[PDB]
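This report refers to the structure that appears directly beneath it.
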Amino acid sequence: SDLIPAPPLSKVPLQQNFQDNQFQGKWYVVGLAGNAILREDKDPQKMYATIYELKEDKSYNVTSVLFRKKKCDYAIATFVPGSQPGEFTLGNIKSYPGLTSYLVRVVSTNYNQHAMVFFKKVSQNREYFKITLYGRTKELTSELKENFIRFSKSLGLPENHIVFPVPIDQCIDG
Ligand SMILES: O=C(N[C@@H](CO)C(=O)O)c1cccc(O)c1O
Ligand SMILES: O=C(O)c1cccc(O)c1O
Ligand SMILES: O=C(O)c1cccc(O)c1O
Ligand SMILES: [Fe+3]
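Going by the deposited numbering, the sequence shown wraps up at 178, each residue one higher than the last.
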């Protein structure tokens, strides 16, 4: 098992003055990069969506909806506010076997069109990280997509570790 090393947190910017209420709602995954993400031209990555909902204790209810094997698949997690706004840790980490750490950092966002989010986890002692380019719609300008490519590269990732999921209508239009 071989992995590109997780970048130092100093190389991962934090979105300033993070507004947690404005980050709520559905985001489409228009770009996906990481040391475990690989471009697969035979069976290309389908677009999925992630929905953020503020609980009254100001932690997030996070639901991901994916189109897999002709059905809609639902992954639930809780994001608990971390050291500073825009940073999060994972709730009920014990319910995930082999998972020792999980970090979420909102790198950049304008809340109503786009967002870039950095994730880092240690699972079975292996360090994984990913950057998601979130779009409020299924499509984003080639400029924003290029910014995402340059940011992914700055964290050590080559082009074959950066994918742009193909837009779909099943499951993610709810
Ligand atoms: O790369 C990741 N996971 C792969 C499995 O190890 C994957 O299949 O996407 C990954 C990295 C950081 C944070 C994550 O939630 C995550 O799924
Ligand atoms: O369980 C998944 O496949 C999944 C879906 C959306 C986001 C993730 O991080 C996941 O691990
Ligand atoms: O974000 C998650 O729900 C999650 C938790 C543990 C392991 C994963 O890969 C995840 O995507
Ligand atoms: Fe994950």
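Where a beta carbon is used, it is the ideal one built from N, C-alpha and C, also for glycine.
Asked	Found
C-alpha distance - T145 paired with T93, whole-angstrom precision	30 Å
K30 - DSSP class collapsed to helix/strand/coil	strand
Residues that residue 266 bridges to, as DSSP identifies them	Here the chain covers residues 5 to 178 and nothing more, so residue 266 does not appear.
According to DSSP, residues forming a beta bridge with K134	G38 and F123
Residue from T141, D177, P169 and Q174 with nearest C-alpha to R43	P169
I8 CB to nearest heavy atom of ligand 1 below 7 Å	no
Counterpart residues of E91 in DSSP-defined beta bridges	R109
Residue span of the alpha helix (DSSP H) that contains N114, given as start and end	Neither: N114 is in no alpha helix (DSSP H) and is coded neither H nor E.
Anticipated Cβ contact below 8 Å, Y32 with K142, distance rounded	5 Å
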